[PDB]
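Chemist: This one is an experimental structure. Sequence first:
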Amino acid sequence: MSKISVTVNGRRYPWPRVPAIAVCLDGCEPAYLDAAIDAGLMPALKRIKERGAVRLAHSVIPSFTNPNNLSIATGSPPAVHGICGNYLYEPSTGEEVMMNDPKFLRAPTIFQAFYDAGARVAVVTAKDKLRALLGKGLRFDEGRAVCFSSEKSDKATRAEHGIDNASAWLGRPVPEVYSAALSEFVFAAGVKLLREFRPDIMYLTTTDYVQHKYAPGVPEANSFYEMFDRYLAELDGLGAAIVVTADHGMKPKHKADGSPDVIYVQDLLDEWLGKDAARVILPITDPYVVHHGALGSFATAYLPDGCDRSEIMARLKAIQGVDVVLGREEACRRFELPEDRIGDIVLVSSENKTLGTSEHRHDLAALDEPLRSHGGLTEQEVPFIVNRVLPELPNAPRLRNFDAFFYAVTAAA
Ligand code: VO4
Ligand code: NI
Ligand SMILES: [Zn+2]
Ligand SMILES: [Zn+2]
């Protein structure tokens, strides 16, 4: 007998004999897990690590939520699926269109590929805009797919989500968006789906609310992972093959005084090239939000015609805090990004600095806690833990977070 498989974006996925689950712990710097385990708060993960396969994997660069979640969902980098930020910039017209609608996804998900082959597939996200992206190509008329978010769980319908009101179904209220509970709801939904729906393939993804606010090992961070461990214990106990990984890590990005340490890339380009001659894009989050939430460690810039790119790149690279400056061609090759959705230059900042646009209008420092963020090479390294024996499993840099499903189904097969 030849074995059954599903081929997705040039990778062959064996059919899982038991449910195959990937859990994306948003912003989970490996240190978070080390600290919670050391505090005796994660007995299940502690045992799973001991008896399973423990690795570190490399995220996609930019180490942001959407590019990484979509890489995990498709088993491919942004050069294939097309989601390399939160919004793209039109060189002419000067228009900014969003990178949140599914029509911008250019490759099928593993979920669709398995669904189309007859599998039972489940996707639970914390935020609803990711739900729509991740759910592309799923159908809800055969009782074989479930896809909803914690955020809009009470709005779920059979015809569009595969379930009528996930809040009522789970027996928990819709959580606050800015809360640990938004992620807890995902884990609880995942367990109930495993019990009652028995998916062949399931993805659970969360938010990095807690991680942006609290460093590894502080009480509020520890309590989050303590909470997660309970659900991990239940999933593991139910017999699923599980990969626990993250979309990206998290580092402190604040000066000694606790204020954001920022390099304002637009200001610098204004002086050298003329005001608004170039356009700096910060892919971390939506461009019409200004409350310190738009600070990450990766930026791209669209330069005016007939300017010296090589000269502009050399000046930025000389700045302390700017670790990597590359042209579109080199950046797309190196980070595996699509050329048609990236600027003329790509900038990556140092470990404890971020990249902003300009100081005129600035970015409003609203929340108190010292800045923590991601996007750079220093948030690329993520945990990759499997609850099965897998001695051949590679390690970083060969192992990617978007190998999660490949190894989940392999472990399940
Ligand atoms: O939604 V994010 O983990 O790129 O802040
Ligand atoms: Ni909850
Ligand atoms: Zn994230
Ligand atoms: Zn984040």
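Modeler: Here it is on my side, so go on. Numbers count the residues shown, from 1 in each chain. Ligands and ions are numbered 1, 2, ... in the order given.

Chemist: Any chance you could list what contacts the strand or helix carrying residue 314?
Modeler: Residue 314 is located in helix 309-317, with elements delineated by DSSP states H and E. Outside helix 309-317, the residues that touch it by C-beta atoms under 8 Å, 6 or more residues apart in numbering are 265, 268-269, 272-273, 303, 322, 325-327, 344-345, 347. C-beta here means a position set from N, CA and C on the backbone, and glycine is covered the same way.

Chemist: Which residues of this protein lie near ligand 1?
Modeler: Proximity of the chain to ligand 1, by C-beta under 6 Å from any ligand atom, involves residues 26, 27, 64, 65, 208, 284.

Chemist: same thing but 8 Å
Modeler: Residues of the chain lying close to ligand 1 (C-beta under 8 Å from any ligand atom) are 26-27, 64-66, 68, 86, 127, 207-208, 211-212, 247-248, 284-285, 293, 296, 373-375.

Chemist: which of those come close to ligand 3?
Modeler: Among the residues of the chain next to ligand 1, proximity to ligand 3 is found for 26, 65, 208, 247 (C-beta under 5 Å from the ion).

Chemist: Just to be sure, the first one is in a strand?
Modeler: No - looking at residue 26 with DSSP: H, G, I helix; E, B strand; the rest coil, it is coil, so not inside a strand.

Chemist: Can you tell me the closest non-neighbouring residue to the residue of the stretch 101-250 of the chain found nearest ligand 1?
Modeler: Here the stretch 101-250 of the chain gets closest to ligand 1 at one residue, residue 208, 4.2 Å apart by C-beta to the nearest ligand atom. For residue 208, ignoring the flanking residues on the chain, the nearest one in space by C-beta to C-beta, 6 or more residues apart in numbering is residue 27 at 2.8 Å.

Chemist: can you check residue 24 too?
Modeler: Nearest residue to residue 24 in three dimensions, chain neighbours excluded: residue 205, at 4.0 Å (C-beta to C-beta, 6+ apart).

Chemist: My read is that that neighbour contacts residue 186, right?
Modeler: Yes - judged on C-beta atoms under 8 Å, residue 205 makes contact with residue 186 at a distance of 7.0 Å.

Chemist: any residues in contact with both of the two?
Modeler: Taking C-beta under 8 Å, 6+ apart as the criterion, residue 205 and residue 186 both touch 124, 125, 126.

Chemist: dump the residue contacts of residue 214.
Modeler: Per C-beta under 8 Å, 6+ apart, neighbours of residue 214: 220, 221, 224, 369.

Chemist: and what of residue 407?
Modeler: Contacts of residue 407 by C-beta under 8 Å, 6+ apart are 243, 386, 390, 393.

Chemist: Let me know the secondary structure of it.
Modeler: Under three-state DSSP, residue 407 comes out as helix.
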